[PDB]
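What follows is one structure encoded as structure tokens, with my remarks underneath.
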Amino acid sequence: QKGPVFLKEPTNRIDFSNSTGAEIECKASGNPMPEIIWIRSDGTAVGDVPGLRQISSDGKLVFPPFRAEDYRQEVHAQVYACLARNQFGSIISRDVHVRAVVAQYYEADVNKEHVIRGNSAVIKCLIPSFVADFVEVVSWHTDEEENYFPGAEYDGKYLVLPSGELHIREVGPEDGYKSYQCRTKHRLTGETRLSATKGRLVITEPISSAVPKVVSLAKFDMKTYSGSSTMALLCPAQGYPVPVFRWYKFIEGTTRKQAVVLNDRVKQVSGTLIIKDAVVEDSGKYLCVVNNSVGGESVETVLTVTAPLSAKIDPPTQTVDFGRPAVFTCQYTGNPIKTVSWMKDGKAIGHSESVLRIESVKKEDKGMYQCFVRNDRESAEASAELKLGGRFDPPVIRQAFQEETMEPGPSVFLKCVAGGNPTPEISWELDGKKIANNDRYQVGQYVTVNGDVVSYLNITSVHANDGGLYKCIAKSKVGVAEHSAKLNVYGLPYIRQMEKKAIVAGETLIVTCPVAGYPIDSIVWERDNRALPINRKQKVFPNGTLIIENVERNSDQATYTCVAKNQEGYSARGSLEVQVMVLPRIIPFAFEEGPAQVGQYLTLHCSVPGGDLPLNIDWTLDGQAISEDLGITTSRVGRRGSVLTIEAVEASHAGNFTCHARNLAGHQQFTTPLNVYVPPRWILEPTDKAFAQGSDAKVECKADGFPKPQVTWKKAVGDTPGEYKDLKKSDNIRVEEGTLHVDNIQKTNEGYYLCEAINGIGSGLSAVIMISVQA
Amino acid sequence: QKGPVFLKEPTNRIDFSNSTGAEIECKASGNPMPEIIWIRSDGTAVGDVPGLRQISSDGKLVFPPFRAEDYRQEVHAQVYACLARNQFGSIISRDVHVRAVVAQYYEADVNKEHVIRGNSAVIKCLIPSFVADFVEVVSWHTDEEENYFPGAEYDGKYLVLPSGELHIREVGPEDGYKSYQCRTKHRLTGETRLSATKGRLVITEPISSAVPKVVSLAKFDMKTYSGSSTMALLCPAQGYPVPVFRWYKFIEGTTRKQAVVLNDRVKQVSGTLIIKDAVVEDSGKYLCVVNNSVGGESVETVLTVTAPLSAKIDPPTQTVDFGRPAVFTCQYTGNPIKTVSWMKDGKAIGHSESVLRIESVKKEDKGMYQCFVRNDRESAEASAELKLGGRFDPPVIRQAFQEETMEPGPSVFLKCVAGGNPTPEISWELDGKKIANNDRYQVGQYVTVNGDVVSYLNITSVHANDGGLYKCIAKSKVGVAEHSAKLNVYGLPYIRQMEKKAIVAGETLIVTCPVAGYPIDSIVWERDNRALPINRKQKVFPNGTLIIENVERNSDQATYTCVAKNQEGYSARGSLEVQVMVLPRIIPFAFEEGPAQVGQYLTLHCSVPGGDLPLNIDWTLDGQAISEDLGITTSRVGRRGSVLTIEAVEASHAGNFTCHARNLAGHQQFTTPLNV
Ligand SMILES: *[C@@H]1O[C@H](CO)[C@@H](O[C@@H]2O[C@H](CO)[C@@H](O[C@@H]3O[C@H](CO)[C@@H](O)[C@H](O)[C@H]3NC(C)=O)[C@H](O)[C@H]2NC(C)=O)[C@H](O)[C@H]1NC(C)=O
Ligand SMILES: *[C@H]1O[C@H](CO)[C@@H](O[C@@H]2O[C@H](CO)[C@@H](O[C@@H]3O[C@H](CO)[C@@H](O)[C@H](O)[C@H]3NC(C)=O)[C@H](O)[C@H]2NC(C)=O)[C@H](O)[C@H]1NC(C)=O
Ligand SMILES: *[C@@H]1O[C@H](CO)[C@@H](O[C@@H]2O[C@H](CO)[C@@H](O)[C@H](O)[C@H]2NC(C)=O)[C@H](O)[C@H]1NC(C)=O
Ligand SMILES: *[C@@H]1O[C@H](CO)[C@@H](O[C@@H]2O[C@H](CO)[C@@H](O)[C@H](O)[C@H]2NC(C)=O)[C@H](O)[C@H]1NC(C)=O
Ligand SMILES: *[C@@H]1O[C@H](CO)[C@@H](O[C@@H]2O[C@H](CO)[C@@H](O)[C@H](O)[C@H]2NC(C)=O)[C@H](O)[C@H]1NC(C)=O
Ligand SMILES: *[C@@H]1O[C@H](CO)[C@@H](O[C@@H]2O[C@H](CO)[C@@H](O)[C@H](O)[C@H]2NC(C)=O)[C@H](O)[C@H]1NC(C)=O
């Protein structure tokens, strides 16, 4: 009554210890009640291993407890998958990574950390890389018996970073005394153990002015944090004098960078940036700059925040009639997505796009169609079913005429009684030609009381060469069904006329040499006297049918001939005119790579060589085709070329553009995207101002443009414009919402400040201003 | 007789210890014999500091020995530069980084290294980052008293990597016994000291099949190695079963990669790639892949091999005649080059391309032109001189009128007597406007027996607002020379007319608000009522001149105003119309990438937005422009676009094709090859 559907899959990750053991339950619903077979990475169904791996009832795959010696990679470190299936269809679950890890010994280390008196320290708890996955930092402990846990900052100095390190703010002599050591927990065994080696802070006292330096390799790193956690970006840099750390985030993909906005969610402890409550929007390339009076160094971080994968197919089940299209839409959530791929009753298909579209359904299309959305660490699945339409039964042929041979003279009566719902029309064909009430052929069709169509083909007096391949076609607007059969008439070989076969590039020409007369011996196809099959395109069969695979003009455009001859002498010739028209070849486009800014001049060029003479070239914007009122100038070029000109680009002109060009016996097109961005415009460019002594200076600079611009500021110090340099890093002077927020204005803060509005669409917007003091 | 030239510059880097001291000698040649003044980062000439820094004879800058307390950043951690100069001209040397470092204590550490029995180990000698620059690894020592130096591999197992690490190949139980410790040398103090902490190999039994793992951050790194050294690329990856390491080099810039070719010069020890005798060609993005039966991990390295910077200007000295062009070519070697920049007699110029080209030389162009080629760690300089040729003397102004003020009424007689060879023409200008025999201005010019031009400007009865900045221009076809001077007339403020100033993208607009009347107090420029300093590009001076640097249309195309007002009330307004003309931007082409076969249909499309209205678009084939007989159909597109159609392609149509399109106040073009 219903195909299978997963009610409960196993998780993506199952990690466990050899003393703990593990079980993974896979529950599937269906009708008939499906069996649950477990499968392996390659596709083979997984077997049993007494003691290590057992397949139990209710689709429960069990990995019982075991000893180190009993550990076996094949079983305890393997990619499993649950496959639920009934006689109606099959569905394989998402990937289940089984990782049994034998409870092995590990010891964490904490080594000496060297600091230049004044800089901030990061005491790292070194865990053996090979056990990292299962071991993490829990709490730090000092020899003075102080215990630093994760959470808020202790004494405004000591802070346990999310990533496990102990971050000592502003290291001074009073801290080279304490010996620090970490306490780790193994997330499978459940033991918390202290480090075997205690670290300490070697504090060295500054004499020479040391340029800020980073640990070479530590200059660049990529991190992948789990969703809605607390992320810890570090900027390892020592130096003297004590340097200052500034954080920036690059704008998606570009070389432009915005300064990081400090607040309640994102905070900066010394040089380390802490980001609370992570979201996917926080993903990107982060740059930390570290300056001091001597020099400046910089480090970067490629940060990627995750989001659980989850899939859903619309609709869950659908019933489609034969011949009609079936649509599956895969709806998915999660980040990042590396591979969206489709599947059918276990085995995969070629489709790797969200929407799977069957153009014309048939029997073999029945069953389950799965959609997979997977990445490096996760895999989400979604299921769906296709039922064969029905209670809407297609055309079938019951009492149908069968093969016959005869001598000319007698009346022949062929009958095709076809049934179906709705009641179909029955048309008659002879060797591909539709014959009607022509000559002495009479063709009839009535409907029986039961609702079946009885169609007769009466031939008054079958003639020498009426014989051939007759077929009736039971066609319904719900699908088609045909029945062919051979009628042989005594007589000399006689080949019918063949109207010119007009085929287009690359199509497969299938043609049958329509012979007549029954003692026919040999039907051979010839081109210019040579036997037809002489190249990779051409195939010919003794039944008298020719078939060319990939049609091409100067190759196979010609007048073919078929010769039919009986035993002892008599022969007949037929001449086919294979016309191979040249299908138009559209050459690709290129918009000016700006992209286009509002108020532009865009020129698009559609050029196409191909089928001479008729050339119908049109332009199409997603859904419709150019109403001139809109303001888009479509022109042609002499030899049926085309140029789409758009002066005065507007937002309305944004979207999917397509040159749709067709030519006698073909239709080809090409699509190009058109994005219409907008530059920065001011909505409040600043007002020349003089504040009172020590008043909080609130001067608002603000623009509007697409993409949203960033509002920089700068200052020129000595009462003169020209230096325009970055502001003076202090809580006194802040930038927020594009507003210059300079609290408690100092009498030295006279002079010109300059706000720039930029999104990178055109050159920048800029504004100069003088902020002064009064007392 | 000759401008200065550097015979001996100081090195880019001078590092030294407070007990050792250091001297940097800068020797320069010339005629007259040039003085050698030492300069500082900003451009100021460096002074003396008794005890710490002393400027001695022979251009020797001396940094004598000193005590820790005496160390001072300003002096002992500074960017110095030698400047040699004579009365003929000036030349400043390459940058000299002086880094005095007080002999301070350091202790190297060697910590526990954990390995999965079977994998290869890399025992690292941890040096304090802040002393790295002056401390490197010399040799390793084991508690069993074995000493591993750099060079070839010991016992086919132990190897000291170039970068100082101890690389233990295929670690087995028999090696968790030995305690390893490194011996470092300080390259300034000259002491070699052992590590304060001995490391060891914690060897662990493999039971669980562990996927190869790298140290997260250690997945990506950029290195910059010195030329012709031995480079050491590492691929830190443990795992079980014992994994296999494959190295690849990416093809310059692309996503395609080639497998690294092992031989005698480049060898692979376990997972670490060693490259001997480095060359710039070895620079690139290297990828190490590490696979095993369970999984696969990968690390990358951005490797950059250096090459000493060295510059040379062709020619070293040249003598050019007035009005004629002077060419300097900067020839340089070295890698990488970040900035090729030109300079003149100390102060820099705007040119940042190899070939410096003076289009028309004049007096002020005489002297030295330096070329700099610099990067992050190095800076190479090259010098050159320009002498003034002639025996063909340029225009000079002898008896010239000087500044004056007066009340209106009297007749004024300005005289510019200019000399030169040939005898120049003298034209008169007022505030940028050329005035002739207009109104009651009479302007004359005769030639004296001696061959000097005596040009007079007689104003019949100087009026209220004839006053302003008068200048005479002594122009010769061998060069030019001008003389300006101020004439003040007593009247109310009065600003002249200003014809629309038509400027093109990026040009520098310089404009002076032509006021008249002498008790004038305040000349201020305004845009739409705000005072005109209102965007980066804009500068304004109390003399009443405005100047915009980089002109751009919607930014600064507008009608500017200048207001001039005297003390107590009276004012006058002037309106300038600054127009930004736009130079045409031609969009590139694309022939069908076949290439074209004889008997073809080729369609080429020349599209250009820019200067509205006039648009002259032509097509050019190497040497000439389309004779229609040949069989090439040139068409236009509605809004002055262009389409070159060639049906029936022939051999004659092969060659260099170019769309040459010009627009009022500009000419732009683009070339495409046509290969049949
Ligand atoms: C107001 O009026 C002048 C225009 O009428 C302004 O223009 C500036 O004049 C300066 C001369 O006083 C020039 O300065 C010189 O610039 C050259 C650059 O090539 C230097 O070598 C000189 O050493 C320098 N001399 C000094 C120290 O002044 C400016 O170049 C010029 N600006 C431009 C680009 O036109 C002046 O701002 C001002 N002067 C007066 C007379 O009041
Ligand atoms: C304004 O420009 C000039 C004064 O600013 C005047 O040019 C003057 O022409 C005079 C002709 O009358 C010359 O006077 C002659 O000087 C020579 C010197 O060697 C004597 O021999 C002549 O006797 C004498 N001419 C006579 C007989 O008067 C002057 O050379 C010359 N003035 C000066 C001092 O340079 C113009 O008069 C006047 N107008 C114009 C159109 O320029
Ligand atoms: C799973 O493997 C571990 C390691 O072989 C076993 O745990 C050890 O058990 C022995 C014998 O009782 C103890 O001496 C060790 O101290 C244990 N190792 C640890 C964790 O320190 C464990 O017994 C195995 N599970 C079984 C036998 O099913
Ligand atoms: C402070 O340090 C930063 C980073 O080193 C410097 O910023 C760079 O300056 C150069 C010019 O010298 C620019 O081309 C780079 O784009 C800047 N890096 C960035 C931010 O991407 C800055 O110049 C330093 N301050 C000093 C001493 O000038
Ligand atoms: C440069 O300063 C250093 C640091 O003070 C001096 O080195 C001292 O040398 C004495 C005797 O040679 C030793 O006791 C110590 O190793 C150093 N003092 C300490 C503890 O810092 C050095 O003398 C100075 N250079 C000179 C000679 O002026
Ligand atoms: C060894 O394993 C590595 C894993 O690092 C394989 O390389 C990846 O293969 C995936 C397969 O989908 C590719 O899409 C990635 O581009 C590869 N990642 C990188 C950059 O390493 C590799 O297939 C294995 N080696 C071979 C060639 O068999």
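Top line first, the protein sequences correspond to chains A and B.
For the first sequence, this note's numbering begins at 1 and goes up steadily by one.
For the second sequence, this note's numbering begins at 776 and goes up steadily by one.
Backbone N, C-alpha and C fix where the C-beta goes; we use that ideal spot for every residue, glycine too.
- Task: Just confirm the distance between the C-beta atoms of A/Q318 and A/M343, as a whole number of angstroms; I'd bet it's less than 8 Å.
- Result: What you label residue 318 of chain A is simply residue 318 of the first sequence in a count that begins at 1. What you label residue 343 of chain A is simply residue 343 of the first sequence in a count that begins at 1. Actually they do not touch by this definition, with Cβ atoms about 17 Å apart.
- Where A/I632 and B/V1055 are concerned, what is the direct C-alpha to C-alpha distance, given to the nearest angstrom? Translated into positions along the first sequence, residue 632 of chain A becomes position 632. Translated into positions along the second sequence, residue 1055 of chain B becomes position 280. About 53 Å.
- Task: State the Cα-Cα distance for the pair A/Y446 and A/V417, rounded to the nearest angstrom.
- Result: Translated into the one-based positions of the first sequence, residue 446 of chain A becomes position 446. Translated into the one-based positions of the first sequence, residue 417 of chain A becomes position 417. Distance between the alpha carbons of A/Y446 and A/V417: 10 Å.
- Message: For the structure I just gave you, are there three or more beta carbon pairs, one from the segment 326-342 of chain A and one from the segment 376-391 of chain A, closer than 8 Å?
- Response: yes
- List the endpoints of the continuous beta strand (DSSP E) containing A/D618. As a first step, residue 618 of chain A is located in the first sequence; it is residue number 618 there, counting from the start. 616-621 is the span of the beta strand (DSSP E), which, as asked, contains A/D618.
- Item | Nearest-angstrom Cα separation, counted from B/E882 out to B/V946 | By 1-based counting over the second sequence, the position of residue 946 of chain B is 171. By 1-based counting over the second sequence, the position of residue 882 of chain B is 107. Using only the alpha carbons, I get a separation of about 27 Å.
- Item | Extent of the continuous alpha helix (DSSP H) to which A/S555 belongs | Residue 555 of chain A sits at position 555 when you count from the first residue of the first sequence. From DSSP, the alpha helix (DSSP H) with A/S555 extends over 553-556.
- Bridge partners - B/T972, DSSP secondary structure assignment: Position 197 of the second sequence, counting from 1, holds the residue named residue 972 of chain B. B/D884.
- Under 9 Å by beta carbon: chain B residues contacting A/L613: Looking up residue 613 of chain A in the first sequence gives position 613. None at all; the shortest Cβ gap to chain B is about 14 Å.
- Query: Going along chain B in order, which residues have a C-beta closer than 8 Å to the C-beta of A/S763?
  - Reply: Mapped onto the first sequence, residue 763 of chain A falls at position 763. Under the 8 Å cutoff, chain B gives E1327, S1330.
- Message: Going by DSSP, what residue range makes up the beta strand (DSSP E) through A/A380?
- Response: Reading the first sequence from its first residue, position 380 is the one you call residue 380 of chain A. That run of the beta strand (DSSP E) goes 379-382.
- Task: Could you have a look at B/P1317 and say whether DSSP puts it in helix, strand or coil?
- Result: Counted from its first residue, the second sequence places residue 1317 of chain B at position 542. Looking at B/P1317 - three-state DSSP - the assignment turns out to be coil, as it is neither helix nor strand.
- Task: May I ask you to list the residues that DSSP assigns as paired with B/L858?
- Result: For the purposes of this step, residue 858 of chain B is taken as residue 83 along the second sequence, with counting starting at 1. For B/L858, which the question treats as bridged, DSSP gives the partners B/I812, B/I867.
- A/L217 CB to nearest chain B CB: under 7 Å? In the first sequence, counting from the first residue as 1, residue 217 of chain A sits at position 217. For A/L217, the answer is yes, since a Cβ of chain B falls inside 7 Å of its Cβ.
- Message: Is A/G296 a contact residue of ligand 4, with contact defined as CB to any heavy atom under 6 Å?
- Response: As a position in the first sequence, residue 296 of chain A is number 296, starting the count at 1. Flag set: Cβ of A/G296 near ligand 4.
- When the Cβ atoms of the segment 663-674 of chain A are set against those of the segment 746-759 of chain A, are three or more pairs found closer than 8 Å? no
- Item | A/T748 in three-state terms, based on DSSP | Within the first sequence, the letter at position 748 stands for residue 748 of chain A. In this structure, A/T748 counts as helix in the three-state DSSP scheme.
- Item | Buried versus exposed call for B/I1026 [16 or more other C-beta atoms within 10 Å across all chains shown] | Indexing the second sequence from 1 puts residue 1026 of chain B at position 251. With fewer than 16 other Cβ atoms within 10 Å, it is exposed.
- Task: Kindly indicate which residue of B/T1198, B/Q853, B/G1242, B/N1233 has the alpha-carbon position closest to the one of B/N1225.
- Result: Within the second sequence, residue 1225 of chain B is the residue found at index 450, counting from 1. Minimum Cα distance to B/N1225 is reached at B/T1198.
- Query: When the cut-off is 7 Å and only beta carbons count, does A/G641 lie next to chain B?
  - Reply: By 1-based counting over the first sequence, the position of residue 641 of chain A is 641. Yes - at least one Cβ of chain B is within 7 Å of the one on A/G641.
- Query: Does the beta carbon of B/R1132 fall short of 6 Å from some heavy atom of ligand 5?
  - Reply: Stepping through the second sequence from its first residue, residue 1132 of chain B is reached at position 357. No, Cβ of B/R1132 sits at least 6 Å from all heavy atoms of ligand 5.
- Message: Between which two residues does the beta strand (DSSP E) holding B/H1126 run?
- Response: Position 351 of the second sequence, counted from the start, is the residue given in the question as residue 1126 of chain B. B/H1126 -> no beta strand (DSSP E), and no H or E assigned at all.
- Does DSSP put B/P925 in a helix, a strand or coil? Numbered from its first residue, the second sequence carries residue 925 of chain B at position 150. Note: B/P925 maps to strand in three-state DSSP.
- Query: Would you say the beta carbon of B/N1318 comes nearer than 6 Å to a heavy atom of ligand 1?
  - Reply: Along the second sequence, one-based indexing puts residue 1318 of chain B at 543. For ligand 1, at least one heavy atom lies less than 6 Å from the Cβ of B/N1318.
- Give, in chain order, every residue of the segment 604-638 of chain A whose Cβ lies closer than 8 Å to some Cβ of chain B. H605, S607, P609, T633, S635, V637, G638
- Any Cβ of chain B within less than 7 Å of the Cβ of A/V768? By one-based count along the first sequence, residue 768 of chain A stands at place 768. It does: the Cβ of A/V768 has a partner Cβ on chain B nearer than 7 Å.
- Task: Can you give me, in chain order, the residues of the segment 929-942 of chain B that have a beta carbon less than 7 Å from any beta carbon in chain A?
- Result: none
- Query: Smallest Cα separation from A/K185: which of A/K219, A/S139, A/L166, A/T224?
  - Reply: For the purposes of this step, residue 185 of chain A is taken as the residue at position 185 of the first sequence. That would be A/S139, whose Cα lies nearest to the Cα of A/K185.
- Boundaries of the beta strand (DSSP E) in which A/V511 is found, first to last residue: As a first step, residue 511 of chain A is located in the first sequence; it is residue number 511 there, counting from the start. Residues 509-512.
- Applying a beta-carbon distance threshold of less than 9 Å, which residues of chain A neighbour B/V1095? In the second sequence, residue 1095 of chain B corresponds to position 320, counting from 1. By Cβ distance, chain A contributes nothing, its closest Cβ being about 35 Å from B/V1095, past 9 Å.
- Query: Applying the criterion that 16 or more other CB atoms from any shown protein chain within 10 Å of the CB defines a buried residue, is A/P721 buried or exposed?
  - Reply: The residue you call residue 721 of chain A lines up with position 721 of the first sequence. So A/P721 ends up on the buried side.
- Message: Any residue with its Cβ nearer than 6 Å to a heavy atom of ligand 5 should be included. What is that list in chain order?
- Response: B/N793, B/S794, B/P840, B/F841, B/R842, B/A843, B/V877, B/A878
- Answer with yes or no whether the minimum CB distance from A/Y148 to chain B is below 7 Å. Numbered from its first residue, the first sequence carries residue 148 of chain A at position 148. No - not a single Cβ of chain B is within 7 Å of the one on A/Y148.
- Query: Quick one: complete alpha helix (DSSP H) runs, 4+ long, within the segment 1222-1300 of chain B?
  - Reply: none
- Can you list the residues of chain E that A/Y677 reaches, using a CB-CB cut of under 9 Å? Considering every chain present, this structure includes no chain E. Its protein chains are A and B.
- Task: For the segment 193-210 of chain A, enumerate the residues whose C-beta is nearer than 8 Å to any C-beta of chain B, in chain order.
- Result: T197, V202, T204, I207, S208, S209, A210
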